[PDB]
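Heads up, the chain shows up twice below as structure tokens, two forms, tagged structure 1 and structure 2.
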Structure 1
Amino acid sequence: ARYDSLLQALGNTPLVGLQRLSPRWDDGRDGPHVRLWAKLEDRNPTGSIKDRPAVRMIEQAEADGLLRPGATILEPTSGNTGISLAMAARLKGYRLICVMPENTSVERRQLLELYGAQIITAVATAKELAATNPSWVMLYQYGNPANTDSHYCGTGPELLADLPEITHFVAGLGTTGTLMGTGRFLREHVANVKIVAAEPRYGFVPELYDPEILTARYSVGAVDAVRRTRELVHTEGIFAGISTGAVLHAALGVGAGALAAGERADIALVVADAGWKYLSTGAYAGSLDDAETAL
């Protein structure tokens, strides 16, 4: 565990059994086990899963000759990808400018500046800004196969190593990188694997998306998401972000499926970031209806 740079202290995230919240942790008289396992991607340099594609997208753009020393990077995001890229650019000697509206909160804005980024439909605006300079590159996490590659070459191998007996992989669907990359890999090695997606109730379709890979899709409501998140910290001591709530809700559906049909299940689910940056929204305390409108 000795790294000459933070960029290497990346991935190799733990997988943790959720014994209290699993439908059936122990095999028994009433049937085989139905287990949830949690992949803690919040144990990453910036505390989110986006550290994986961020570093990969920079290394690929280098390899394709787009990125020369002292160059400048551009991307549409004011969230987790922004943070990740800013960390990674700073360390690779690059300059960053992120792509967001004025509307975007003071919290998100100041966090990016703290990491050293600079501040500026939004996908299109960005493409135009890259077309301004030869040394200005736009990585495009929504289209970039390096996003999908980072999970193919990291996340999937780690899961399979920790959980050879895996039956399902559940994860949030945003850029689609996680599900595409991890699902492509898991299918190759575990033929019977099911790849389940969790998403918000209502946008665009990413170039990375391939529908064949998914077995199922769950549309999750705010109240459900929040409730699950809260259950997850109350019961398991894991303080996750809101997308984990959605993922967990979907994973409990799947799990209830296996339990009803008397089958084994080992369900791996992605904890993509922690609850720290969602705390200011009150959503962890008070009523769930307060929390729903407060999001």
Structure 2
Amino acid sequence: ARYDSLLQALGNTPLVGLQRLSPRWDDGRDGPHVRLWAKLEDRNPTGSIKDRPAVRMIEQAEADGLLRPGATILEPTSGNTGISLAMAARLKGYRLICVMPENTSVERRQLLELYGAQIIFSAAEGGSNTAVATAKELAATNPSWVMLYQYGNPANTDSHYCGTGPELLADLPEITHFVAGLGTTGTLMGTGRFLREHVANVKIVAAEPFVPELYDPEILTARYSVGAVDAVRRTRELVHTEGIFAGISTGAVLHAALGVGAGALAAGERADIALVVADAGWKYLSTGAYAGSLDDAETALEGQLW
């Protein structure tokens, strides 16, 4: 039971109980359990959940006759999707050009450069909006370049509808809540549609810091915006208490999941809350979030622009 390619060693990620951070691991006289379960999407080829949509988008574009050998793929990305696409591009014989905001971490730049991706740096003030606009123009100018367009490509949502969701349901049939970051919206749209088909009364909860064409607000039951200090606090808590060295979006997710769990606890409801760990902490070390005390980390955040 083995692989012929790194591309097959993707998905089927572990789901791990957070016995210490869970509001109440054990059912007892105070009330039923309120458990958190972490889906470890860092156990993927390039260490993030984006391997799932990146590979599916390329393979869907290949099946649709859109890609020839030595073709250039052009993608607007804040990093993880670019890295995933860079890895798949190396394996499959394509060139990759990423359009990224200029204020992305040094680690993301390093990984992209190592895989041989080229980078266009669009204005920080314009964010993902300007990155996308810039990629669109370049793609119009260069019709042979293939823009997969993670923000609107249904193979993104499909990768979660066919992978993340089925896996979660098999590991956690008692699931009551799924919590994840809301970026491209692929994870929540695909996983959330799958869960809603299969599980009566399941709740689909977004955490977050133009509107992607993938987004359907009807799939979400709740949406929470999380500040940088709370995301950092939670990220640190996760590695200190549960030994899971996660990226900062996972702290945002954990903040949201702990808010949901506190709500279940107060209502004496049973809850089994799955949350996405989208990547590990390696690419975020240069932020200072993991060093020293929380006091130090909060101080280190002053002046940073992500």
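The term rigid core refers to the maximal set of C-alpha atoms that superpose within 1.5 Å between the two forms. Counting starts at 1 and follows the sequence of structure 1.
Core-aligned C-alpha movement of residue 130 between structures 1 and 2 reaching 2 Å: Result for residue 130: yes, a 2 Å-plus shift.
Large Cα move at residue 100 between structures 1 and 2, threshold 2 Å, rigid core: Yes, its C-alpha moves 2 Å or more.
Large Cα shift (2 Å or above) at residue 189 between structures 1 and 2, core-fitted: Superposed on the core, residue 189 moves its C-alpha less than 2 Å between structures 1 and 2.
Following rigid core superposition, Cα shift of residue 286 between structures 1 and 2 in Å: So the C-alpha of residue 286 has moved 3.5 Å between structures 1 and 2.
Core-fitted comparison between structures 1 and 2 - CA shift at residue 72, Å: Spelling it out: core superposed, C-alpha of residue 72 shifted, distance 1.7 Å.
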